[PDB]
Every structure is written in C-alpha cells, then in structure tokens.
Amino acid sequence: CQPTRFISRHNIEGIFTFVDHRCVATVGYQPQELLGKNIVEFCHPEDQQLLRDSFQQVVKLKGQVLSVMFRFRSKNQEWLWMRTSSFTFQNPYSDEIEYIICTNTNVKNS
C-alpha cells in the first residue's frame, strides 16, 4: 500500500514555513492550519523535547538526514505516530540561513 506522507519546510525554530497538501490525508489539517505554527505545538508532551532537540541537531549534521519518531495530534485530536525525516538545505551561491526540509510519514509503532 502507499504510505501517507507529506513534505514540510521549517525554520530552525520549528515553525512550519511550507506544507504539502498531502497533509490532509495524513494528519487531517489543511496546510493553512499548519503554516506559521511550530511543529512542537502538535507534538505529544512526552515527545516535545526530543523533537526540539532534533531540530537543533539537524543543523549541525552537514545536510545529512536526521530522523525522529513522535506523536502528532491529528485534526481528530487522535495521537498518530509520525516518522519525520529531515535535512538542511542551504544554497551554496548564498550565505542565507539554512532551513529544514521534512518528509513526514504515519508509521506503526510495533
């Protein structure tokens, strides 16, 4: 079967700056219900600090992939297991601040 997964981009704080519309089938929100908010706001409280430290590390890892598992609160207010795979991008023609590219998949915890 096709996994459900959407792409997002974030600043280094965690704030959603771009959300791919496949987010509707994955977590149930419209992209504009996510844009401008921190991904940590949709995260389970036992998982928030791991996710904040993941965002902090991914920038130190030279564009390599960092992956994290956490519980995300769907528009049903249900806790979905997400595997988020992330990496920095920084256009080497510029010295603009890197931002974080994410793929986000509902996976099984088992």
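In this text, residue numbers run from 1 along the sequence as written.
*Asks:* Out of 100-108 and 3-11, which stretch has the higher average CA B-factor listed in the record?
*Replies:* The stretch with the larger average C-alpha B-factor is 3-11.
*Asks:* Quick check: 66-74 versus 24-32, which has the larger average CA B-factor in the record?
*Replies:* Per the PDB entry, the higher value belongs to 24-32.
*Asks:* Which listed residue, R52, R83, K60, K37, has the largest C-alpha temperature factor in the record?
*Replies:* Answer for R52, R83, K60, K37: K60, with the highest C-alpha B-factor.
*Asks:* Using only modelled residues of the chain, where does the Cα B factor of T17 rank: lowest third, middle third or highest third?
*Replies:* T17: CA B-factor falls in the lowest third of its chain.
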